[PDB]
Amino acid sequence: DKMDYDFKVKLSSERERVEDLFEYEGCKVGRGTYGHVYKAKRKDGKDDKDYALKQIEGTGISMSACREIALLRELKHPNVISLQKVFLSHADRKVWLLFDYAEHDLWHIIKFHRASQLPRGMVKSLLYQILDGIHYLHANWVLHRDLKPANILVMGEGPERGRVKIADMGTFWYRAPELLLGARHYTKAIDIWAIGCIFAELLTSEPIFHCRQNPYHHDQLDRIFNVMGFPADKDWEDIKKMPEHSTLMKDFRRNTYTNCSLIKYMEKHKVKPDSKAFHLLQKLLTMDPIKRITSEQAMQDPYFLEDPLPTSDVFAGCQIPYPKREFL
């Protein structure tokens, strides 16, 4: 090798290995593109805390490995997911990452309600933390790029009872129209559009832009317009600058979505159009990306001064009716 032997045996001896430190086998909680995730307690005594233990897909320090590590190694906010430790395994060269174990997420909660409405103090708290976390990420010029209920984790019983944790794991329901009109560049405003869809989803328990499945996606657009209405030139002036604009003009007619709008949609789902909640949702679900409010501005909306105030614990100190994550 021509690499010092003492140095190699010292570091090898002292190196912590995931399988010595953590009990995890049989306790797989998620598959996916970016790895397999296991729910993992510790073998050695000094912990009651579960941890999400994630084996990255593949060998070596890949571009995806490198990025995920790079960022989370720096980020500290109570509403971003936290990286407790990295394990590099020299034998097989697989990279392991530890993350504090969030029992639930918004995909499972909303679904659970959709099997039988979603309590309002909770709804307003959920959004407020989602905003506080995303504002932090945006402040540090870090865009999420793929927000949706499956990526809003919520901590279970423990010292972080009911606190939203933003995460990235690996549909076009939460995508802003400009992305669908082939915008070749992610932005802060694209995230805020996605937070808009969630909020609406929370209030009603249905996805606002629910739809069956290049960057141009026709049927998904038809749904936005069926809900939102077709944008007037005045509403979004630079729609013409979007690369798939003339194709939009080819396949759609403004008149088709005449007399249908977000108020008429939310009215149907028993959300009152003169509520602070609606008036905010509207500012998130703005079609022209540069006319959406920022995350900071939304946090300052009087909706969060309206009774009841959002609580740190999303669950209001109540019993949690949602079930624990199944193994596979």
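So that the term is clear: the rigid core is the largest set of C-alpha atoms that superpose within 1.5 Å between two forms. Position 1 is the first residue in the sequence shown; the rest follow in order.
- Relative to the shown model and aligned on the rigid core, the C-alphas in 9 other deposited structures of this protein deviate most, among 272-280 and 63-71, for 63-71.
- Of the two stretches examined, 161-169 and 96-104, the one with higher mean CA deviation in 9 other deposited structures of this protein after a rigid core fit is 161-169.
- Of the other compared PDB entries of this protein that include residues on both sides, all give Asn151 atoms, none of them, and so not a third, leaving it without.
- Residue-level annotation: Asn214 lacks coordinates in a third or more of the other entries compared, counting only those that model residues on either side of it.
- Counting the unmodelled positions of the deposited sequence between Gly170 and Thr171 gives a long gap of 10 or more residues.
- Gap check for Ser116 to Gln117: 4 to 9 deposited residues are absent from the model.
- Between 20-28 and 6-14, the higher mean Cα B-factor belongs to 20-28.
- Of the two stretches examined, 39-47 and 271-279, the record assigns the greater average C-alpha temperature factor to 39-47.
- Each of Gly162, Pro78, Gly121, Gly196 has a CA temperature factor in the record; the biggest one is found at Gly121.
- Per the deposited record, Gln213 carries the highest C-alpha B-factor of all listed residues (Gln213, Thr187, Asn151, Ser82).
- Among the modelled residues of its chain, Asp288 has a C-alpha B-factor that falls in the lowest third according to the deposited record.
- Placement of the Cα temperature factor of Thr294 within the chain: lowest third of the modelled residues, per the deposited record.
- For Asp92, the recorded CA B-factor ranks within the highest third of the chain. Only modelled residues enter the ranking.
- Among all modelled residues in its chain, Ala70 ranks in the lowest third by Cα B-factor.
- Looking at the C-alpha B-factors along this chain, the one for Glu157 belongs to the highest third.
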